[PDB]
């Protein structure tokens, strides 16, 4: 019945927290849902200078060594430099070859998944929708000149809703 703007809705959500009608984390999650459409992926991505990446003609043994050193479960794959991403490799795919053959016998290109590119100013609400329907849960973020701006994952969006939960061990 009441005519309610999105601005008013946010203010009422704070009032429901103070009223104890909703728990503080319930309010924060609902508020974060509302902020998704206003959050560009540039603010939640792993930036280019912080991402773990590997060249396409490296071997699965190099990828294994990379995993043991940095813990990155998903690794962008590039040809000449990190500004030319040609796909994405998953550390867990090594388990299909580990101790079954010499990991030096295959290149990373042989297990690479096709990349999904999103611009820096895409909003996190749109990103959530796009990521959910695809079999790869990460996107390569591209700057306004076509270079690599960074990486963003479905997990990164989820964490904006529920907070950080757990990472490594």
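Positions refer to the first chain, counted from 1.
- Remark: stretch with higher mean C-alpha B factor among 115-123 and 23-31 is 23-31.
- Mean CA temperature factor is higher for 129-137 when stretches 42-50 and 129-137 are set side by side in the entry.
- Ranked against the other modelled residues of its chain, the C-alpha B-factor of residue 154 as given in the entry falls in the middle third.
- In the deposited entry, the Cα temperature factor of residue 61 places it in the lowest third of its chain's modelled residues.
- Among the modelled residues of the chain, residue 106 sits in the lowest third by CA temperature factor in this PDB entry.
- Split the chain's modelled residues into thirds by C-alpha temperature factor. Residue 84 is in the lowest one.
- Per the deposited record, the Cα B-factor of residue 75 falls in the lowest third when ranked against the other modelled residues of its chain.
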